[PDB]
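Written below as structure tokens is the structure these notes are about.
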Amino acid sequence: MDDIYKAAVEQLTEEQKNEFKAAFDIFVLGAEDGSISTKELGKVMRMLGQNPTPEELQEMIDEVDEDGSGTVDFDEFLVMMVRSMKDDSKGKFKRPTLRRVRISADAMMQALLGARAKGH
């Protein structure tokens, strides 16, 4: 985990973090581990008009997965979420998520949260 974004999570308000928690919740709705698996991450991408491969998703996961386990939990998700907020989408000092997929934070908030995504 790039702590620059963890400090952007430090920058995230409890409200901000909560908003991604609420996303985390839906992100892993029906999840066994309760943390974002690739199938889990792909769920919202599907909800987002995509059809990402768990391979593409796995690297996305890994990006913010601190243990390389293959599942993104809240603070990892907060970094993954916050990562997109550092700039428009952020370029370098960051993994590129291959090139095929990438979480559009705000747009993805739409796919899960439904209404709750409105506030920021």
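Per the deposited numbering, the sequence shown runs over residues 1 to 90, 136 to 165. Cβ atoms here follow ideal geometry from the backbone N, Cα and C, with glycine treated the same way.
Query, Result
"For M85 and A8, believed in contact at Cβ under 8 Å, the rounded distance", "7 Å"
"Helix, strand or coil at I26 [DSSP, three-state]", "helix"
"C-alpha gap between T142 and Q58, whole angstroms", "9 Å"
"Segments assigned alpha helix (DSSP H), at least 4 residues, entirely inside the region 41-79", "54-64"
"Whether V146 touches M60 by CB criterion (8 Å)", "yes"
"Proximity of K17 and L78 at Cβ, strictly below 8 Å", "yes"
"At least 3 beta-carbon pairs within less than 8 Å: the region 61-69 vs the region 11-25", "no"
"Cut-off 8 Å between Cβ atoms - residues of its own chain near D33, not counting five sequence neighbours on either side", "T71"
"Cut-off 7 Å between Cβ atoms - residues of its own chain near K21, not counting five sequence neighbours on either side", "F74"
"Contact check, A156 vs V44, beta carbons under 8 Å", "yes"
"Cβ-based neighbour list, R161, same chain, cut-off 6 Å, excluding 5 preceding and 5 following", "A22"
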